[PDB]
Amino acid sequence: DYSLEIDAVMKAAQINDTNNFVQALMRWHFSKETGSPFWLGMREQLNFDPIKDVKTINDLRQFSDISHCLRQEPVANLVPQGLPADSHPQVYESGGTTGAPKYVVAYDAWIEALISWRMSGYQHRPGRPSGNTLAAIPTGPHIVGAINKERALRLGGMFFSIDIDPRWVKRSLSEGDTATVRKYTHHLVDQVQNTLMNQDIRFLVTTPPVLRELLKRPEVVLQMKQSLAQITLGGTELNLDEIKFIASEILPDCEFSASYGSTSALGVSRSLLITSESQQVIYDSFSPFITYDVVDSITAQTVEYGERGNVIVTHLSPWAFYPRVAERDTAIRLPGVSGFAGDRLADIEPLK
């Protein structure tokens, strides 16, 4: 048993101090008894002592991104030896859309915690809406699946999804294939159309192209006017005006937000409500578990508030440690309202 060690971390985690939390988990991960086999096996390859010289969140700047590894590393070793017997491990992959695919492990406690964080703020808000959720997103080996199912149960209906293979979509628009992308996009909208038109759907998770498509279908729009309380847009292909126009002129009773995948850190980040009065899309991460740095593409250097840079993300929780993953997007750096740790993002945009 180590569950009272573990509480201490989750405790430190919100009495807002980076510091103590970082050290506590640096200990969790590298100390002999409790650590991952993987990190324990990695300690001797580091040129610094993860205990002695490593105090601030920022102080993790000294690990490099170990994703190369996770393609080969047999998943059983990723699992912190000090988690309970019934922790309930699970493998998720990170888009083997070419350069193919990186293995990771997550846990129910973890996803539960992610979600309570996303949803605080409206979980308990009087007259908050209720109903099923249609999530038009990957499930299968993709950890968004499992994160979305979890939200859907807390909103009082059932979680519904579609058949979607993002890996073929990709390997085909990259592969240059025009007709396919249209035909498969079709088949996606058709699936979403059916469920919206045959079960009462209160909550839709989808993406601008797909929404954009549904809005072009007279019967569906009408139906959306009747039943959607809130839509989440995922991707980075987001045009703020378009959304303002939808929100005010078409689905005026439906709120909007955006979601940002950071598969690398075993989670997703959430936007504020995007309204007509909104002037950028703004994101927060589940800090300190997940934290963003935003850095210059030339000099690896955290850039100033207000400027564009490259998203660097870091997961540090009792379940998993992933320092300092370069994500493949740029964002405006903004002071992160609480702590105490990690940055806000605004207006995420793709790379080169």
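Quick note: we count residues from 1 along the sequence shown, nothing fancier.
Student: If you average the CA temperature factors as listed in the entry, which stretch comes out higher, 319 to 327 or 52 to 60?
Tutor: Looking at the recorded C-alpha B-factors, 52 to 60 comes out higher on average.
Student: Of the two stretches 7 to 15 and 333 to 341, which shows the higher Cα B-factor on average in the entry?
Tutor: That would be 7 to 15.
Student: Checking the entry, which one of 283, 286, 292, 30 has the top C-alpha B factor?
Tutor: Among 283, 286, 292, 30, the PDB entry lists the largest C-alpha B-factor for 30.
Student: Could you tell me which one of 97, 227, 257, 278 shows the highest CA temperature factor in the PDB record?
Tutor: That would be 97, according to the entry.
Student: Going by what the PDB entry lists, where does residue 171 fall on CA B-factor within its chain: lowest, middle or highest third?
Tutor: Answer is highest: the recorded C-alpha B-factor places it there.
Student: Lowest, middle or highest third: which one holds residue 124 when the chain's residues are ordered by CA B-factor from the entry?
Tutor: It falls in the middle third of the chain.
Student: Would you please rank residue 138 by its C-alpha temperature factor against the other modelled residues of its chain and give the third it falls in: lowest, middle or highest?
Tutor: Tercile = middle for this residue's CA B-factor.
Student: Against its chain's modelled residues, does residue 181's Cα B factor rank lowest, middle or highest third?
Tutor: Tercile = highest for this residue's CA B-factor.
Student: For the chain shown, is the CA B-factor of residue 235 in the lowest, middle or highest third of its modelled residues?
Tutor: Its C-alpha B-factor belongs to the middle third of this chain's values.
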